[PDB]
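First to last, the sequence lines map onto chains G, H and C. If you count by the deposited numbering, then the first sequence holds residues 4 to 252, 270 to 305, one letter each, in order. If you count by the deposited numbering, then the second sequence holds residues 4 to 252, 270 to 305, one letter each, in order. If you count by the deposited numbering, then the third sequence holds residues 8 to 98, 126 to 351, one letter each, in order. Where a beta carbon is used, it is the ideal one built from N, C-alpha and C, also for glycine. Contents: one structure, followed by commentary.
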Amino acid sequence: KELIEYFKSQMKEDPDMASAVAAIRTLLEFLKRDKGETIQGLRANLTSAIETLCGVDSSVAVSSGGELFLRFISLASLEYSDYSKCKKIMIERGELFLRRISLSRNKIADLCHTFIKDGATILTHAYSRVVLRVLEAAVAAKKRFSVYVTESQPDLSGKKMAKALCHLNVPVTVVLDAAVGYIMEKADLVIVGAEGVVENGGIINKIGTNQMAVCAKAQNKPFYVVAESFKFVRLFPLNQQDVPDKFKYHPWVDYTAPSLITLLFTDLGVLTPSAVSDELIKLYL
Amino acid sequence: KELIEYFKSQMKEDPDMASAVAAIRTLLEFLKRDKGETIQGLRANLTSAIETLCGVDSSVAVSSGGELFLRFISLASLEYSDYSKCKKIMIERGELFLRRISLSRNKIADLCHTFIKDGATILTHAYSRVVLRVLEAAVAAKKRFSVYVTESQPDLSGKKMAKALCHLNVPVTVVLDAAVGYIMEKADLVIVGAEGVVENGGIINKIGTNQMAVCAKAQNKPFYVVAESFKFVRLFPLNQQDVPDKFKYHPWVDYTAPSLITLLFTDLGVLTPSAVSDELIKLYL
Amino acid sequence: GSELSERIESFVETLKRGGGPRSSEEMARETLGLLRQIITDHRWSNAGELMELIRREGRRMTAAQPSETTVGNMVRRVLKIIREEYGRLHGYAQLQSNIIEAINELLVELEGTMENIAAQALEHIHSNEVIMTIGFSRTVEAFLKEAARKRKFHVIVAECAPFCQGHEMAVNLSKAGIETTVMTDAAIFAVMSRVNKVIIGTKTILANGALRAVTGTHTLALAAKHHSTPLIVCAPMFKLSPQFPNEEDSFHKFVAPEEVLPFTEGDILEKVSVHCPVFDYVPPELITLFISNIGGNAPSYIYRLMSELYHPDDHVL
């Protein structure tokens, strides 16, 4: 399996690199290495590629990025009638789309860090590069604030987030993961990074998020959720079992109601949670 | 310091024994060993005893039991004018009060386990003998239910609770402490053991409780709190810092709003949370 | 020429000194007339040069008064109209008359806004109804004074403490006979137990569905959310702004504290700190429905009107 080897080579060469962009690069490399002049023959190969990428990596962003890439392949196949020019069209359009995606995080940082007040308190969850990029743009914009990061028990990455913030020389504190309701009254805003956004406006994240969301609901705190556009999922989980069980495995994913979410911070801008369904219905899976 | 030595000898000889009853036994032994014919001379000695018991043990139930014992000493001093008969009156009344207190847990079990349905799901917090006594009376009353116990990260005692329930041969599962909002929709009732009850109806417990309480509020689940009568505290914490800081030391105590609590299960019976203030105002500290 | 800069500076210090004119639809007509005078009195080869020009004078006009967003969003709407015409002509010399006729279409759209809200006003009022409003706005009083032509109901106009402008709304609605009740601003939750729905106006709709309005209406929105009564925001589409709430803390407009605490209070005015914010912030979760001239919209739909009327490249202006 050269696809999983190329995916692990793209994901392990950079620790600042997400899993979804590595999966999209692996899918583009597999489409460039396919050279099969068939629409359904390429669609079945892409579906087996996303099957391998979901059997290997249990992340939601990998399958999300593969579904967006499959919708992009379907749009490029429905646009051009002949396949010979359509192969080069898919290659150039996918390379330009990956170039647009690789600059997305900086766009989130300059368009997101404007909201954070000076002299305030930030409550944040486990390790991701997006909230570090937003916070380093905030401290590059000459802002001072106190940071409380969840320890995030199943893999101690919030302590790694705190180490990365102490190397940034900012006041950060590892707070107990059973104490997100203890420090909610002092946290005037709760900004969190997500790994997958479902259609109605809710999010798919790490297990300690949703309870914090209802701590943001009873205590009236603005629960800000930060995520890019390739994490948009065409699913509707109703209850906590209604997420797909292959992404769970002690649960690993909690569904957060869209009423508990104040704003989203995507590449389209600062959006209401109802905007994700707009993008997902003009995208049509 | 013979008082702390007697307290540790009473608390370490029985693992089924609480800290508050050991503190009341230590206070009764110190009152029997005082032999000082003075009202204020005994009150200052008792206050220094509770000062030592609060400097040694940072539990809220120890200081609560000492304040109830001090109010009992004040009532017995205000009742009898002469101190010579009042010393034996205090000794006999304290021995009879300790005999009444030592049978309290069984009373909680037979008067509390009636509420738990058959074929239901229990959500429970960290290790205490009271919820084990209630659950063993429930399985002695021929009831079957599935138990989800919080792992309770700062001292892994919920796993010890689960081991004590697997030795009882009941279906119990260690659930992630960041997943108390994940399994709230399947938990039709949430029964929890507390270590201290403040005056309005709220409780003082271990740090992972209060967030679960608001998970019981947004998801309409009946949040049952189980505690005896010697855990009644004459305090009013408004915010999470308004608890006394000597009982905190990563926080260890969360204050739970009385609106998030459905019922209490004390030695007076199944009570509304407004009953604790009634008992605390006819007790008068 | 020179007369253009005369009129521009007169508009700038008119916005700087006070409210000139009084209501907002005349101000939007003045802004569109000033913008058509700017595009008819200049010379350009590319549309981007006029775009940079309009961005500079929009920066100047919003630096005159940062609290009033109508001039800024009108400049941004004219910028998106120019961008749409350049995009539809790019895929050259006929651009200027196209922007002129587009500004004329926007003027015909803008003059018939309040009467379109009045035409769709009958779809929200039933017989023997208790209505509570705040402040003073000619859209809401026109709404109620023509909705009382076929229905009979009750309007409770609550005054606002900095400038009791609801007395004018009360004496304007009482001439139409809608059984107007006049109250203070402190009895809202005292009367929220009987108010069936809340029909208010606003000053500026934000990008996330939130709104700034006359002060004390966030309390009214909280009480109406507590009592679960629907909120009707009768607002036009020139009060729609892409400015986010948390942006350089320039939200509230503070005025002189004489109307709160007079100058004849004594020597105690030295050791006191009196603030008078005339505007207030309402989040979109405390709002049920917006009523614009094109119909009723959700607070979960303000982003679509934002992307349909404004461009994300012009948010900095």
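Asked: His345(C) (DSSP reduced to helix, strand or coil); Found: coil
Asked: Any C-beta of chain G under 7 Å from that of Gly329(C); Found: no
Asked: Chain H residues whose Cβ lies nearer than 7 Å to that of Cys218(G); Found: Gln214 and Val217
Asked: DSSP bridge partner residues for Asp274(H) (one or two, in chain order); Found: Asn208(H)
Asked: Proximity winner among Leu49(G), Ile94(G), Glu202(G) and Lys166(G), relative to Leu284(G) (alpha-carbon distances); Found: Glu202(G)
Asked: Interface partners of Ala221(G) on chain H, CB under 8 Å; Found: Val217, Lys220 and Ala221
Asked: CB contact check: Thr55(G) to chain C, cutoff 7 Å; Found: no
Asked: Euclidean distance between Cα positions of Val191(C) and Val205(C); Found: 10 Å
Asked: is_contact[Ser294(G), chain C] using C-beta, thresh 7 Å; Found: yes
Asked: The stretch 106-115 of chain H contacting the stretch 226-243 of chain H, beta-carbon criterion three pairs below 8 Å; Found: yes
Asked: Simplified DSSP state of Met148(C), which is helix, strand or coil; Found: helix
Asked: Whole-angstrom distance between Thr176(H) and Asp60(H), CA atom to CA atom; Found: 31 Å
Asked: Stretch-stretch touch, CB-based, cutoff 8 Å, three pairs: the stretch 275-285 of chain C with the stretch 215-228 of chain C; Found: no
Asked: CB contact check: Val290(G) to chain C, cutoff 7 Å; Found: yes
Asked: Outcome for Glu198(H) when other beta-carbon atoms lying within 10 angstroms are tallied against a minimum of 16; Found: buried
Asked: is_contact[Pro346(C), chain G] using C-beta, thresh 7 Å; Found: yes
Asked: Inter-residue spacing [alpha-carbon to alpha-carbon] between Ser171(C) and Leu207(C); Found: 12 Å
Asked: Sufficient close CB pairs (3 or more, under 8 Å) joining the stretch 159-179 of chain G to the stretch 127-142 of chain G; Found: yes
Asked: Whole-Å CB distance - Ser67(G) paired with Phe239(G), under 8 Å assumed; Found: The Cβ separation is near 14 Å, so there is no contact.
Asked: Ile206(G) at chain H interface by Cβ criterion, 7 Å; Found: no
Asked: Same chain, Cβ closer than 8 Å to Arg108(G), five either side skipped, listed in chain order; Found: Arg132, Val133, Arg136 and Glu231
Asked: Distance CB(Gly69(G))-CB(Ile94(G)) smaller than 7 Å; Found: no
Asked: Residues near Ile239(C) by beta carbon distance below 8 Å, same chain, minus five either side; Found: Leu245, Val267, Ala269, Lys273, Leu274, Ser275, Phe324 and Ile336
Asked: Amino acids of chain H, ordered along the chain, whose beta-carbon sits closer than 8 Å to that of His116(G); Found: None at all; the shortest Cβ gap to chain H is about 27 Å.
Asked: C-alpha gap between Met187(H) and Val217(G), whole angstroms; Found: 12 Å
Asked: C-alpha gap between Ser294(H) and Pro73(C), whole angstroms; Found: 52 Å
Asked: The stretch 162-182 of chain C contacting the stretch 248-265 of chain C, beta-carbon criterion three pairs below 8 Å; Found: yes
Asked: Min CB distance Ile210(G) to chain H below 7 Å; Found: yes
Asked: Extent of the continuous alpha helix (DSSP H) run through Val134(G); Found: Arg132 to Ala143
Asked: C-alpha gap between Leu241(H) and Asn223(G), whole angstroms; Found: 17 Å
Asked: Three-state secondary structure (DSSP) of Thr218(C); Found: coil
Asked: Nearest neighbour of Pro225(G), chosen from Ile281(G), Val236(G), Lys189(G) and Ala277(G) [CA to CA]; Found: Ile281(G)
Asked: For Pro157(H), the nearest candidate out of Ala79(H), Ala277(H), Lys209(H) and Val173(H) (CA to CA); Found: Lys209(H)
Asked: 7 Å Cβ shell around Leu303(H) - same chain, five flanking residues per side excluded; Found: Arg74
Asked: Where the stretch 223-235 of chain G meets chain C: residues whose CB sits under 7 Å from a CB there; Found: none
Asked: Limits of the unbroken beta strand (DSSP E) element including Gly25(C); Found: Taken as a continuous stretch (DSSP letters only), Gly25(C) belongs to no beta strand (DSSP E), as it is neither H nor E.
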